[PDB]
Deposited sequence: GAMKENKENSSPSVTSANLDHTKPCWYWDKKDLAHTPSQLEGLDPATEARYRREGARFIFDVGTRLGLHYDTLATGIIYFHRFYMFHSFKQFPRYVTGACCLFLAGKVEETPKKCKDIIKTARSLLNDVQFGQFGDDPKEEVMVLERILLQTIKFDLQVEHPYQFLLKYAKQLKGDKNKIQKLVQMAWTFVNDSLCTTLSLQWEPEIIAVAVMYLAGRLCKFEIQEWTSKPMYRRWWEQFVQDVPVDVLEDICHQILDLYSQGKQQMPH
């Protein structure tokens, strides 16, 4: 009864947007624009980091079954955030999300909302709920970043700096389809592996003994997996 919410990179190269003729870099920017729209809107309303991430996860999954050439990105983004508030028990009125959405977008960007932006978001809630198969509960790499870093004993300033850079990497990872690739536990260790290389830190010295320090947090995670997640996060800065 629990559906599978992960795709290969070959499956991610054949999204409904690509089949309808959209460019891969254009879809990747649509996901960036849309995910960072649910991000900017959510903070202005004072929403919680799981609530923003849940709306973004709904957003990336919605466009595995629908193409951007049929569903505007920002209307879907505002709809996903509106649904994420109820599921995460931090509900915001749709009227506030649109009054906020109008305050951050253009005249042509907000033009996707039509003459009645409220209803245009309301009718999409039915499409989104069926698209997410009513699998409302999701986990984000934030909780695993804190959960795994708690078991690290060592320099308090170096460990605290580690989770500070990995946290922003979890923010940046939400603009990519990494959510549709690896479980939240894989992303949490990936941002710790990445942040440990940029700080010149040796994480295993804060664990037991020396070493693949994450084999005690996540099962069977080859390094090639973690270095692939790091690439897609670092590419956001290119």
Original post:
Quick one: where does the model skip the deposited sequence?
Top reply: 1 to 21, 232 to 233, 262 to 269
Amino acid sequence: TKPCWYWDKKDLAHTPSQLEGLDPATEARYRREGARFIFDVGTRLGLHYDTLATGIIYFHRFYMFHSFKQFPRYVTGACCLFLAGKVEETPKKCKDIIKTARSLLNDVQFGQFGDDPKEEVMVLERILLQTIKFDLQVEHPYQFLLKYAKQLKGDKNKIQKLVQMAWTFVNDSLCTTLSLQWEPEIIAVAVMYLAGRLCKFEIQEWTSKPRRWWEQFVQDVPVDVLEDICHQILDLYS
From here on, numbers count along this sequence of modelled residues.
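What we label the rigid core is the largest C-alpha set whose atoms superpose within 1.5 Å from one form to the other.
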Original post:
Which of these two stretches, 200 to 208 or 179 to 187, has the larger RMS Cα offset in 8 other deposited structures of this protein when the rigid core is kept aligned?
Top reply: 200 to 208
Original post:
Where do the C-alpha atoms have the higher mean temperature factor in this entry, in 73 to 81 or in 91 to 99?
Top reply: 91 to 99
**OP:** Could you settle it for me: does 17 to 25 or 221 to 229 have the higher average Cα B factor in the PDB entry?
**Re:** 221 to 229
Original post:
Out of 179, 204, 67, 54, which shows the largest CA B-factor listed in the entry?
Top reply: 204
Original post:
C-alpha B factor of residue 42, ranked within the chain: lowest, middle or highest third?
Top reply: middle
Original post:
Taking the entry's C-alpha B-factors for this chain, is residue 194 in the lowest, middle or highest third?
Top reply: lowest
Original post:
Taking the C-alpha B-factors as the PDB entry records them, is residue 137 in the lowest, middle or highest third of its chain?
Top reply: lowest
Original post:
Where does residue 147 sit by CA temperature factor within its chain: lowest, middle or highest third?
Top reply: middle
Original post:
Hey, what third does residue 168 fall into on Cα B-factor, ranked over its chain?
Top reply: middle
